[PDB]
Every structure is written in C-alpha cells, then in structure tokens.
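Undergrad: Here you go, one structure.
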Amino acid sequence: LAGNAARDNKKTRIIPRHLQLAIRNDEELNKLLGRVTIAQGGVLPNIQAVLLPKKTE
Amino acid sequence: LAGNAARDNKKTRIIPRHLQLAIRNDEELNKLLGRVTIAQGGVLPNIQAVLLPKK
Amino acid sequence: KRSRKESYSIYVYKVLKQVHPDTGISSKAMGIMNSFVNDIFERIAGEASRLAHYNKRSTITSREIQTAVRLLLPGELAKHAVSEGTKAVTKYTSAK
Amino acid sequence: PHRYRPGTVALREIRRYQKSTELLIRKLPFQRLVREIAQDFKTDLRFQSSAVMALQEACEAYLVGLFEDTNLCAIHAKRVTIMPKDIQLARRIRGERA
Amino acid sequence: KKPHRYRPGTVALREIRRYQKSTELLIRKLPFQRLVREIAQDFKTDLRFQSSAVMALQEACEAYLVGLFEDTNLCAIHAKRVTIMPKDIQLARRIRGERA
Amino acid sequence: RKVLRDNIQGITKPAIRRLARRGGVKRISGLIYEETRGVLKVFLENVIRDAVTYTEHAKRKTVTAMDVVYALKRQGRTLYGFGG
Amino acid sequence: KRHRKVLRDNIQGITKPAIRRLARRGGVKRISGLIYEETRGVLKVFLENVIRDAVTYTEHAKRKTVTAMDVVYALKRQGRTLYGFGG
DNA sequence: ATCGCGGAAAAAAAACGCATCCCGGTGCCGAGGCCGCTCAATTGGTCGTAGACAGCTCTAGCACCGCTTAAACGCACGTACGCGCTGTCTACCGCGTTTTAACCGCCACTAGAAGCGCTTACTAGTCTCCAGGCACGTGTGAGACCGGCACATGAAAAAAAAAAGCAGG
DNA sequence: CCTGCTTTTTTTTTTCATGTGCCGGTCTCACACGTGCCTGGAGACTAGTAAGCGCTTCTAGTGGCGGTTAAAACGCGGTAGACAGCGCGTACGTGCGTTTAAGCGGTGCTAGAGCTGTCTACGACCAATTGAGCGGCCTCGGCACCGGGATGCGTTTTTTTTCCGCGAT
Ligand SMILES: [Ca+2]
Ligand SMILES: [Ca+2]
Ligand SMILES: [Ca+2]
Ligand SMILES: [Ca+2]
Ligand SMILES: [Ca+2]
Ligand SMILES: [Ca+2]
Ligand SMILES: [Ca+2]
Ligand SMILES: [Ca+2]
Ligand SMILES: [Ca+2]
Ligand SMILES: [Ca+2]
Ligand SMILES: [Ca+2]
Ligand SMILES: [Ca+2]
Ligand SMILES: [Ca+2]
Ligand SMILES: [Ca+2]
Ligand SMILES: [Ca+2]
Ligand SMILES: [Ca+2]
Ligand SMILES: [Ca+2]
Ligand SMILES: [Ca+2]
Ligand SMILES: [Ca+2]
Ligand SMILES: [Ca+2]
Ligand SMILES: [Ca+2]
Ligand SMILES: [Ca+2]
Ligand SMILES: [Ca+2]
Ligand SMILES: [Ca+2]
Ligand SMILES: [Cl-]
Ligand SMILES: [Cl-]
Ligand SMILES: [K+]
Ligand SMILES: [K+]
Ligand SMILES: [K+]
Ligand SMILES: [K+]
C-alpha cells in the first residue's frame, strides 16, 4: 500500500508520508494502528464541508 | 473511605455502592481507576446546572 | 470435594478490621476488592517487568517496584505508597 | 387534576436513578439478546449466569457513561435534548467511531 | 483601483491545504527545545537530552495538538460555529478523558 | 437448537430512558432509542466475539464470567466484581 | 565547573503563528484569540506528563541523559505510541 | 389563474491578478550493496516433564411450570423547546511594514554513555516440615420489606401589580 | 404623538397536595465464624551467575560565533461570523387505562465443566559447528531545490436571465 502511494507522488522510495497515507486510507490498518503516531507522516487532506466556500450564496 | 460511607448510611456492611462513593469522591483513586467499572456501583449524583430550573 | 480458588479475601478482612473493626463487607463488595488487588498487582508487576527488560536486567527488585509505583499512581498516592513500601522493606531487612 | 410540567418528573427520575445501583434493562430480554448475538459466532453455546450478569453490568455502565458525554454535546450546542448527532460526536471524539 | 485583497476565509483555506499536504514540524525547533529543557528542570536538575529525544518529543506534541484541533473543530461545528474557542478544546479533552 | 431472534427491540424505550436518566439526561429525542440500540448492539458484538474466542480457545461449550472479564479488559472496559 | 542553565519563559516561543499552523493542519479555518494561551496551557501539561515519565525512566537507568527510548517508553505508557525513534 | 410590467435579485460573462503546479538543470548525500568477520542460529543428541487423553464425578446450566403484578404499551393533550429569520456589532482575517532571532555550518571542550573483566552476594533450587488459608457447614443478626408516618418541594390559586396593546383623540 | 386605559404578564405568595425521606415491626438468608485438613510458605542447605564495581574508551551532547533572511510582531481596515431576540410549529413529557410478559420459587434432566492418573511426544538444555546478518565503507542516481512558464481559480465590475411581486382581472 505504501509502494502505491510512493508511485502516486512519483517517487521510487517509500517515506514516512507514504506509510501514513497507506495506513490511514485503509479501513483495517487504520484500526490496527488507531493509537499510533507515525513520525513525519502528517495527516490526510480533510476539509470539513461546512468550512468550504459557500459565502455570498 | 468505604467504611465511612457505610456508616453515613447507618450500615454495618460495605456494599459496592460504598466502594463506588469512596472511589469517585476521591480525586486520586478516581484517576487510578478511571477506566474501571465497579459492578453494582451506580454513579455519583450530578445534574448539569442548565438542566435545573431557575430558583 | 476439593476445588480450591485462591483469593485476597482474608487479607482484605484483616485490613478492614484494623481500619474499621465493627464493619463488615458483602460478598460482591469483597469481589470488587479482589478484582482491585489483582488489577493493580498486574499493573505494577508489568511495569516492573518492562523496566527490567528495558534496562537488560534479569531481576525485578524493590527498585523496579518503586519506579513502577511512581509511574502508575497519581502524585499524593504515589508518595504514601512509596513511603509504605520503603517502610516495609526497611522493617523486613532488619528482621533477617 | 394535578399535573407536573414537562421536565419536572424527568429531573425526579434523574435524582432517583442516580441514587440507585440496580440494573435498568430487564434481565430476560437482555439475556436473549446476548444469546442471539452469540449465535452468530458459535452455535449451541451455554452461558454461566454470572457471564450474562457481567455483560449486562458492562453494557449499562458503558451506556450510562456514553449518555453523560452525549448530554455535554447537546448542552455544548445550547440544547437540553440529546439527539443522534450528540451520540455520534461523543463516539467520534472517544475514538470508537471514524 | 486597490491592491488585491482575498476575502476572509480564503487564505485560511489555502493554509489548511498547504499544511495538510506537508509533514514538516510546524513549531520552531530551538524555542521548543528550550521549552523541553525548562520543563525538565522541574523534575531533575542538570539533564542532558539526545537530540532525537527532543525530536521524538516534538513529533509527539505536534501530532497530539493536530489531533486535538481536529476534535476541537468538530465541537465548534457541532455548535453551529466555524470558529474554535476554548470551550471546544475543553469539551474534546473532557470527552477524551484527559480532564474530569 | 433454540427459538430466537430480533431481541434488540426487547431493549425497551423506557429502559433506554432510565439509562439516560442515570446519565443525567433530561430530554430525549425520539430518534435516540433506535440509535442507542445500534450502539448497544455493536458494543455486545465486540465484547461477545472476544468472550467466545476465549471459550473456543479453552475448548469449552460454555461462556464463563472470566471469558467476559478478559474480553472486557482487552476492549479497555475493565470490570470489577466478577472474578477479576 | 558549575555550568549554564536557563529557566526563561520559553512557552511564548510557541508563538501564535505556530499554533495557527498546527490548527491549519488540523483542518481549522477560523480561530478565537482566546485559543493561543489556552493551547500553551495544554501543550505544557502534555509535555510535563511525558517528560516526567521519560525522566523517571532516565533516573531508573542511572543516567544523566534523557534518550529517545525514554521518550518512546513514556509515550507508550501515556497511550501515545510513537513510531520512528526505536523500540 | 392571468396580464403586465416592473422590481429585485441573481446569475453571467469577462477581464485581471495572484497563487499553485510542474518542467528540466544542477548538485550532492543517503540508499544500496559489497566486504570481512563474528556470534547466534543450527545440527545432533540426551533428559525430564507438560498436557492430551480416557474415565470419572456431580456442578450448574437449561427447560418447564403457574402463580402475581410490575412494567411496557398505546393514546390524548398541551407546554416548552428546537429552530429558523433578522438585525447588530466588533472579533477576527488579510496584508504591509518593521523587528527579531531561528537556522546554518563549524568548531572546541569534555560529561557521561557504554563496554569490559573481576569478584561476591544474591537467588533459584530442593528437601523436610507444619500452620495458614481453603471448602464445608451451621446460626442469628443485619438488612429488605411494609404500613403509617411525617416533612420536603412544585404547582395552583387568588390577590395585586407591573407591562402589551388598542383605542380612540 | 397622547391620555387613558385596559387588558394581559408577570408577580408574589400562600396553600394546597404530591411524592419522598423517616419510622417501628418482623422475617430470612448470607455474613461470619468454627472445624477439619490439604497445600503451599518457611527453614536450611548448596551451587551458580546477575550485576555492582572500577576503569577506560570515544560518542555525541553542549556551547559559542556571526551573518543571512525567513519568520514573527504589529497596526490598519472592514468583511462576515458570533450572538442576542423573537416568533412559530410540534416533538416530547405526562398521565392514565389497557395489555404484556418478567420475575419468582420450584422441580426435573443431563451436558459438560473439571478433576485424576498414565504415558509419551515434545521442548529445554548442551556442546560443536558455521553461515546469516552485522558494522564499515564506497558510488552514483534519486531527490531536494531552483527558476520559468503554464494554468487553475478567486475577485470585482459590467452584462443577461430569473424569480419574483405588486395589484388589478
Ligand atoms: Ca461517617
Ligand atoms: Ca486518599
Ligand atoms: Ca556508570
Ligand atoms: Ca532551468
Ligand atoms: Ca544506487
Ligand atoms: Ca440557536
Ligand atoms: Ca420545528
Ligand atoms: Ca458581538
Ligand atoms: Ca539560514
Ligand atoms: Ca575523562
Ligand atoms: Ca486454623
Ligand atoms: Ca468460608
Ligand atoms: Ca432479605
Ligand atoms: Ca394570598
Ligand atoms: Ca427499626
Ligand atoms: Ca453475625
Ligand atoms: Ca458459624
Ligand atoms: Ca556482564
Ligand atoms: Ca577497566
Ligand atoms: Ca508598527
Ligand atoms: Ca446573518
Ligand atoms: Ca549496511
Ligand atoms: Ca540533498
Ligand atoms: Ca517556483
Ligand atoms: Cl440528530
Ligand atoms: Cl470559550
Ligand atoms: K550482587
Ligand atoms: K555521549
Ligand atoms: K457445570
Ligand atoms: K504430548
């Protein structure tokens, strides 16, 4: 799963971000590692709907 | 603490409620046992203020 | 028949009689007390086990118990517990 | 005739169940539920009665505590009425839910 | 006519996109390192740290805070707001069992 | 072989209210009772699954209180009073 | 021999912008001004809790230097398991 | 419904500006892999015991009964709360200018992590021995329950007094 | 706008009645405690090795420097979000009359929990042997970082369509 995330970002080498993207996009791995912090992993892109531009409309 | 709680209720015997009252009313024991269910303990009386009527 | 199940009940009674000589305890309450002592026993023993493993020691000593207590108990409780433990070990080593 | 206003019995109930320690779901219906659920994992299962009482003690304690948190989420939204969105925020922040 | 000026919300949204795409520590390293030393003085005087111990600490802190800000955001949205306030933080920590 | 099924509705509206009341809840949406039943179901599913796993491991056809205690411990819902 | 040592008010070097960035990565769009000092409080408590246990591990090993492992063991105790620094 | 005609509001294209995306060029260090050597896994063997099994006892789990009545159910009513819509007002965002100190790359000085070899004080082990703690079992007093009791608090009421509105002027 | 006023809203308060702590009989079962007696802790021994100790090696932690420039700090301006009102509709609380099935105490049956003794396959332990995987060392392509150009998109003002919205029919 990480290898595939690396391939997306056009990288030969897996880095901690790729592991994090792998794990947090997988229902099951995310549950297995629900209480685990991956150094240098970041978080998944996620902007709540209400926060997106609605504005004058 | 539980024996004290038993005596307030004029009871000779410690029951699980007295242990519960003992533990939940003592800040540190309550922490030590924050993730523990005491069987037949119930909960502390506690009603959020907004839910009370204007007296 | 014979089908023995150890428990801490007689020791919980002994302590109860020091602290409140005229009060008793129901069997469910005694059950809870039993659960309690096995729980903390396991928490202390496990953290100790770990301490010694992390430090490449084969032996759990009173020093692993003590450190484990500082890790597991909240502040004031940890102080009194360390005191009672230290007291007990001092009193014991002075009796052979 | 005499009539309490909405909420006064509710508080009266709260004071009563917070004072007591007895189980609040009826035992036979709970026991069938337990058996029914267990069926899916393994057939012709027996239960010690104490095992069923253990599960019932644990379910109720969980639910009561979940309702404490649910109540705070309702109040956080300037309501006095718990709703599903309150239980769902609670479970999410607890990490039970995705 | 004027210089360009984006509307309130827009650059905020852009910053969210920027920081969620990246993984670099967002707290300046030296100020954090000093803060770690300072706090450690309360427990034991005259400590050394491995530099990776300070990195470990900073990695764990930022993950925690980013974690808490997600939950806090939900609490604010739950109250029909878009602005996080201290009461949102307190509700999230209370529900997490970090405070009574 | 036992007669069975859909006992989740035996978790009554009043029983759910009583639980909420012990949790200090004053007013209750109509949608709560069915949401709660869902939650309750998941909670028991998880606990029982684990209790039954300990039972099969022990080669027993009877779920014990200890099996439940151990399962409850694994799920971080340590229970005192049942042989812990 | 007696060394350097500083007990400044370093907490302020967790600046407003740095906190704004942390919130950003957490998906927050708008921030009350009361948040920044509140966040410092929380951060301080978090670090106090982790540092206390890490140094407890240090003292036990009869070392003067806190190691990554002490931090990792501390974070695992606090239910905040960390990957990437050993263990 | 139907005109009619604006009336407002709303969506449109359009034109402009600013940020993000993505390229190759340049450059460099960290992944990849090769090497030599040590020490941890394997081989082959012996030895003691854990646990699977057959067989047994008897615990407690399951099924059923037929009482009693507490609890759940459904139904009606009406209060009070969830929730939408408006208006207000300043907290917060965006941005430009000024100020501060993090970062970098490198060094120099040495505290202290860490490794080794040496010696003994502790612990695992085992036999002998016995008393502390277990299961059984019996008794009586604590606690649950019941009727009446009395003492809280909220709702219902009149008596009265302070604000919504019309009404008329 | 102006008395008046008048008519409701709030009020204020008592009291009137509801359901809740309190009390004194009386009943029963579970705590408590005595009694056997099995097991597991203790006393006294031996043998072996974990770990403290002293000492030496050399890692990596600490501190100090100066200059660059990215980042923090600060104020100005004003959009839009927080927040307080309020008014409207009905979802939920309450209560009462009907219906359901939990709880209780009991008997009867037997699955299967749990125990015992025996036999043996399997794992620990040991000593010799050697290859997997380590630390150390060199290399060169992936990737970071740059500038340039492409493009996606936010914002505002001037342009076309829309959805009303008023009565007058
Ligand atoms: Ca008392
Ligand atoms: Ca205490
Ligand atoms: Ca040393
Ligand atoms: Ca170029
Ligand atoms: Ca290569
Ligand atoms: Ca509102
Ligand atoms: Ca509505
Ligand atoms: Ca305001
Ligand atoms: Ca620089
Ligand atoms: Ca030296
Ligand atoms: Ca005896
Ligand atoms: Ca006994
Ligand atoms: Ca009784
Ligand atoms: Ca009156
Ligand atoms: Ca009496
Ligand atoms: Ca007695
Ligand atoms: Ca007796
Ligand atoms: Ca050694
Ligand atoms: Ca030496
Ligand atoms: Ca200025
Ligand atoms: Ca508005
Ligand atoms: Ca290598
Ligand atoms: Ca590079
Ligand atoms: Ca660029
Ligand atoms: Cl909802
Ligand atoms: Cl707040
Ligand atoms: K020693
Ligand atoms: K060092
Ligand atoms: K059985
Ligand atoms: K075997």
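Letters A, B, ... mark the chains of the structure tokens in the order given; residue numbers begin at 1 per chain; ligand numbers begin at 1, in order shown.
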Restrict the distance test to only C-alpha atoms, flag each residue of chain G within 9 Å of chain E, and return the flagged residues as a PDB file with C-alpha atoms, in the first residue's frame.

TA:
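Once written, result-v9.pdb looks like this:
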```pdb
ATOM      1  CA  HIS G   3      27.578  25.087  34.023  1.00  0.00           C
ATOM      2  CA  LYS G   5      21.203  26.551  32.743  1.00  0.00           C
ATOM      3  CA  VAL G   6      18.213  28.792  31.717  1.00  0.00           C
ATOM      4  CA  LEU G   7      14.660  28.994  33.081  1.00  0.00           C
ATOM      5  CA  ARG G   8      13.288  31.584  30.732  1.00  0.00           C
ATOM      6  CA  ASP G   9       9.635  31.878  29.923  1.00  0.00           C
ATOM      7  CA  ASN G  10      10.179  29.818  26.775  1.00  0.00           C
ATOM      8  CA  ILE G  11       6.429  28.984  26.498  1.00  0.00           C
ATOM      9  CA  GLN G  12       5.952  32.218  24.488  1.00  0.00           C
ATOM     10  CA  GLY G  13       8.248  30.836  21.779  1.00  0.00           C
ATOM     11  CA  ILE G  14       5.288  28.640  20.981  1.00  0.00           C
ATOM     12  CA  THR G  15       4.013  31.556  19.007  1.00  0.00           C
ATOM     13  CA  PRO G  17       1.572  31.725  14.028  1.00  0.00           C
ATOM     14  CA  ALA G  18       3.000  28.294  15.019  1.00  0.00           C
ATOM     15  CA  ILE G  19      -0.276  27.430  16.748  1.00  0.00           C
ATOM     16  CA  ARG G  21      -0.198  26.354  11.575  1.00  0.00           C
ATOM     17  CA  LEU G  22      -0.926  23.407  13.916  1.00  0.00           C
ATOM     18  CA  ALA G  23      -4.641  24.182  13.752  1.00  0.00           C
ATOM     19  CA  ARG G  24      -4.413  24.534   9.941  1.00  0.00           C
ATOM     20  CA  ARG G  25      -3.025  21.022   9.619  1.00  0.00           C
ATOM     21  CA  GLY G  26      -5.906  20.013  11.888  1.00  0.00           C
ATOM     22  CA  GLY G  27      -8.411  21.493   9.440  1.00  0.00           C
ATOM     23  CA  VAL G  28      -9.367  24.583  11.434  1.00  0.00           C
ATOM     24  CA  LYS G  29     -10.436  27.588   9.354  1.00  0.00           C
ATOM     25  CA  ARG G  30     -11.130  30.271  11.990  1.00  0.00           C
ATOM     26  CA  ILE G  31      -9.625  30.785  15.460  1.00  0.00           C
ATOM     27  CA  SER G  32     -10.738  32.746  18.547  1.00  0.00           C
ATOM     28  CA  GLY G  33      -7.967  34.876  20.029  1.00  0.00           C
ATOM     29  CA  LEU G  34      -8.507  33.068  23.322  1.00  0.00           C
ATOM     30  CA  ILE G  35      -7.113  29.835  21.701  1.00  0.00           C
ATOM     31  CA  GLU G  38      -5.257  28.011  26.011  1.00  0.00           C
ATOM     32  CA  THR G  39      -3.130  25.868  23.642  1.00  0.00           C
ATOM     33  CA  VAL G  42      -2.499  22.227  27.145  1.00  0.00           C
ATOM     34  CA  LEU G  43       0.882  21.775  25.476  1.00  0.00           C
ATOM     35  CA  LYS G  44       2.631  22.434  28.820  1.00  0.00           C
ATOM     36  CA  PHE G  46       1.199  17.323  27.797  1.00  0.00           C
ATOM     37  CA  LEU G  47       4.951  17.868  27.932  1.00  0.00           C
ATOM     38  CA  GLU G  48       5.025  17.857  31.752  1.00  0.00           C
ATOM     39  CA  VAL G  50       5.566  12.964  29.062  1.00  0.00           C
ATOM     40  CA  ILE G  51       8.760  14.475  30.408  1.00  0.00           C
ATOM     41  CA  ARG G  52       8.032  13.331  33.984  1.00  0.00           C
ATOM     42  CA  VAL G  55      12.959  11.276  33.257  1.00  0.00           C
ATOM     43  CA  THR G  56      11.595   8.603  35.598  1.00  0.00           C
ATOM     44  CA  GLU G  59      16.645   8.121  36.752  1.00  0.00           C
ATOM     45  CA  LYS G  64      22.097  11.848  33.379  1.00  0.00           C
ATOM     46  CA  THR G  65      20.939  11.937  29.702  1.00  0.00           C
ATOM     47  CA  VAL G  66      17.309  11.504  28.529  1.00  0.00           C
ATOM     48  CA  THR G  67      17.277   9.179  25.495  1.00  0.00           C
ATOM     49  CA  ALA G  68      14.811   8.749  22.657  1.00  0.00           C
ATOM     50  CA  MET G  69      13.822   5.402  24.145  1.00  0.00           C
ATOM     51  CA  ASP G  70      12.888   7.047  27.477  1.00  0.00           C
ATOM     52  CA  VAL G  71      10.576   9.328  25.490  1.00  0.00           C
ATOM     53  CA  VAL G  72       9.208   6.394  23.497  1.00  0.00           C
ATOM     54  CA  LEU G  75       4.701   7.959  25.160  1.00  0.00           C
ATOM     55  CA  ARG G  80       0.522   7.718  22.626  1.00  0.00           C
ATOM     56  CA  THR G  81       2.733   5.117  20.979  1.00  0.00           C
ATOM     57  CA  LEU G  82       5.301   6.647  18.549  1.00  0.00           C
ATOM     58  CA  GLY G  84      10.323   6.012  14.132  1.00  0.00           C
ATOM     59  CA  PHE G  85      12.664   6.541  17.100  1.00  0.00           C
TER      60      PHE G  85
END
```

Undergrad: Residues within 9 Å of ligand 6 should be enumerated using only C-alpha atoms (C1' of nucleotides) and all ligand atoms and returned as a list in words.

TA: residues 77, 78 and 79 of chain D; 79 and 80 of chain E; 82, 83 and 84 of chain H

Undergrad: Do me a favour and pick out the residues of chain F within 10 Å of chain I, using only C-alpha atoms (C1' of nucleotides), as a ChimeraX atom specification.

TA: /F:27-30,60-62

Undergrad: Take the residues that were just selected and, keeping N, CA, C and O atoms, output them as a short mmCIF file (atom, residue, chain, number, x, y, z; two decimals), in the first residue's frame.

TA:
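Done, and the output landed in result.cif:
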```cif
data_model
loop_
_atom_site.label_atom_id
_atom_site.label_comp_id
_atom_site.auth_asym_id
_atom_site.auth_seq_id
_atom_site.Cartn_x
_atom_site.Cartn_y
_atom_site.Cartn_z
N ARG F 27 -33.98 15.49 28.62
CA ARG F 27 -34.91 15.42 27.50
C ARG F 27 -34.30 14.58 26.40
O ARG F 27 -33.09 14.61 26.21
N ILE F 28 -35.12 13.82 25.68
CA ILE F 28 -34.63 12.79 24.76
C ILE F 28 -35.37 12.82 23.44
O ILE F 28 -36.56 12.54 23.39
N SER F 29 -34.64 13.13 22.37
CA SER F 29 -35.16 12.97 21.00
C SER F 29 -35.78 11.59 20.79
O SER F 29 -35.39 10.61 21.42
N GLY F 30 -36.74 11.53 19.88
CA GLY F 30 -37.36 10.25 19.52
C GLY F 30 -36.43 9.32 18.79
O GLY F 30 -36.51 8.10 18.93
N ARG F 60 -14.30 -25.13 25.28
CA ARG F 60 -15.47 -25.21 26.12
C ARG F 60 -16.65 -24.84 25.28
O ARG F 60 -16.50 -24.22 24.22
N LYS F 61 -17.82 -25.28 25.71
CA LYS F 61 -19.08 -25.00 25.03
C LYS F 61 -19.91 -24.04 25.87
O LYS F 61 -21.05 -23.74 25.52
N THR F 62 -19.31 -23.55 26.96
CA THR F 62 -19.93 -22.65 27.90
C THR F 62 -19.08 -21.39 28.05
O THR F 62 -17.92 -21.47 28.46
#
```

Undergrad: Please, which residues in chain E fall within 12 Å of chain B when counting only C-alpha atoms, and what is the closest atom pair and distance in Å to one decimal for each, ordered by chain then residue number, as a tab-separated table?

TA:
```
residue	atom	partner	partner_atom	distance
E:96	CA	B:34	CA	11.7
E:97	CA	B:34	CA	8.4
E:98	CA	B:31	CA	10.1
E:99	CA	B:31	CA	9.8
E:100	CA	B:31	CA	9.2
```

Undergrad: Can you write out the residues you just picked, keeping N, CA, C and O atoms, as a PDB file, in the first residue's frame?

TA:
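Result saved to part_4.pdb:
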```pdb
ATOM      1  N   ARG E  96     -12.500  12.974  25.760  1.00  0.00           N
ATOM      2  CA  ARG E  96     -11.346  12.068  25.646  1.00  0.00           C
ATOM      3  C   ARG E  96     -10.903  11.470  26.988  1.00  0.00           C
ATOM      4  O   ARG E  96     -10.070  10.556  27.022  1.00  0.00           O
ATOM      5  N   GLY E  97     -11.427  11.994  28.089  1.00  0.00           N
ATOM      6  CA  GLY E  97     -10.961  11.612  29.413  1.00  0.00           C
ATOM      7  C   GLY E  97      -9.596  12.157  29.823  1.00  0.00           C
ATOM      8  O   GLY E  97      -8.928  11.536  30.620  1.00  0.00           O
ATOM      9  N   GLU E  98      -9.185  13.311  29.292  1.00  0.00           N
ATOM     10  CA  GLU E  98      -7.946  13.968  29.726  1.00  0.00           C
ATOM     11  C   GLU E  98      -8.205  14.874  30.944  1.00  0.00           C
ATOM     12  O   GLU E  98      -7.286  15.245  31.677  1.00  0.00           O
ATOM     13  N   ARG E  99      -9.464  15.212  31.161  1.00  0.00           N
ATOM     14  CA  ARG E  99      -9.873  16.068  32.270  1.00  0.00           C
ATOM     15  C   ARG E  99     -11.285  15.632  32.738  1.00  0.00           C
ATOM     16  O   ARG E  99     -12.066  15.060  31.968  1.00  0.00           O
ATOM     17  N   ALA E 100     -11.609  15.919  33.992  1.00  0.00           N
ATOM     18  CA  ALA E 100     -12.841  15.407  34.620  1.00  0.00           C
ATOM     19  C   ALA E 100     -14.077  16.286  34.328  1.00  0.00           C
ATOM     20  O   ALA E 100     -13.962  17.504  34.115  1.00  0.00           O
TER      21      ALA E 100
END
```

Undergrad: Around ligand 25, at most 6 Å away and counting only C-alpha atoms (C1' of nucleotides) and all ligand atoms, which residues are there? Put them as a ChimeraX atom specification, please.

TA: /D:83-85

Undergrad: Now that the selection is made, can you save its residues with C-alpha atoms as a compact mmCIF listing (two decimals), in the first residue's frame?

TA:
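Written out: result.txt:
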```
# COMPACT_ATOMS: atom_id res chain seq x y z
CA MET D 83 -30.05 13.71 19.65
CA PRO D 84 -28.24 11.24 17.45
CA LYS D 85 -25.71 13.84 16.34
```

Undergrad: Give me, as an NGL selection string, the contact residues of chain D against chain A at a cut-off of 12 Å, counting only C-alpha atoms.

TA: :D and (94-98)

Undergrad: Let's have the selection written as a tab-separated table (two decimals), in the first residue's frame, with N, CA, C and O atoms.

TA:
```tsv
chain	number	residue	atom	x	y	z
D	94	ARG	N	-14.36	10.08	21.37
D	94	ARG	CA	-13.86	8.92	22.11
D	94	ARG	C	-12.96	8.00	21.31
D	94	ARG	O	-12.23	7.23	21.89
D	95	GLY	N	-13.07	8.03	19.99
D	95	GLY	CA	-12.30	7.15	19.14
D	95	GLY	C	-12.96	5.80	18.94
D	95	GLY	O	-12.32	4.88	18.47
D	96	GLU	N	-14.23	5.68	19.28
D	96	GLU	CA	-14.98	4.47	18.93
D	96	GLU	C	-15.37	4.45	17.46
D	96	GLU	O	-15.61	3.40	16.89
D	97	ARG	N	-15.42	5.63	16.85
D	97	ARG	CA	-16.04	5.82	15.55
D	97	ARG	C	-15.10	6.62	14.64
D	97	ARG	O	-14.27	7.41	15.10
D	98	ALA	N	-15.26	6.39	13.34
D	98	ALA	CA	-14.43	7.01	12.31
D	98	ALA	C	-15.03	8.34	11.86
D	98	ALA	O	-14.35	9.37	11.91
```

Undergrad: Using only C-alpha atoms (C1' of nucleotides) and a distance of at most 12 Å, pull out the residues of chain H that contact chain A, as a PyMOL selection string.

TA: chain H and resi 9-11+30-32

Undergrad: Please, which residues have at least one atom within 8 Å of an atom of ligand 2, using only C-alpha atoms (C1' of nucleotides) and all ligand atoms, listed as a PyMOL selection string?

TA: (chain B and resi 26-29) or (chain C and resi 76-77)

Undergrad: I'd like the interatomic distance between atom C1' of residue 23 of chain H and atom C1' of residue 147 of chain I, to a tenth of an Å.

TA: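 Between these atoms lies a distance of 10.4 Å.
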
Undergrad: For a quick check of understanding, using only C-alpha atoms (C1' of nucleotides), which of I:20, I:106, I:116, I:3 has the smallest distance to residue 16 of chain D?

TA: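 When distances to residue 16 of chain D are compared using only C-alpha atoms (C1' of nucleotides), the smallest one comes from I:20.
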
Undergrad: Using the chain letters and numbers from this document, which residues of chain G does DSSP assign to strand (DSSP E), as a PyMOL selection string?

TA: chain G and resi 30-31+65-66+81-83

Undergrad: Please report as CSV every residue of chain C lying within 12 Å of ligand 18, along with the nearest atom pair and their distance in Å (one decimal), using only C-alpha atoms and all ligand atoms.

TA:
```
residue,atom,partner,partner_atom_place_in_ligand_line,distance
C:56,CA,ligand 18,1 (Ca),10.4
C:57,CA,ligand 18,1 (Ca),10.5
C:58,CA,ligand 18,1 (Ca),11.9
```

Undergrad: Name the residues in contact with residue 38 of chain F at a cut-off of 12 Å, using only C-alpha atoms (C1' of nucleotides), excluding same-chain residues fewer than 4 positions from it; report them as a list in words.

TA: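 Those residues are residues 63, 84, 87 and 88 of chain D; 8, 9, 11, 31, 32, 33, 34, 42, 43, 44 and 45 of chain F.
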
Undergrad: Set the cut-off to 6 Å, count only C-alpha atoms (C1' of nucleotides) and all ligand atoms, and list whatever residues fall near ligand 23 as a PyMOL selection string.

TA: (chain H and resi 28-29) or (chain I and resi 144)
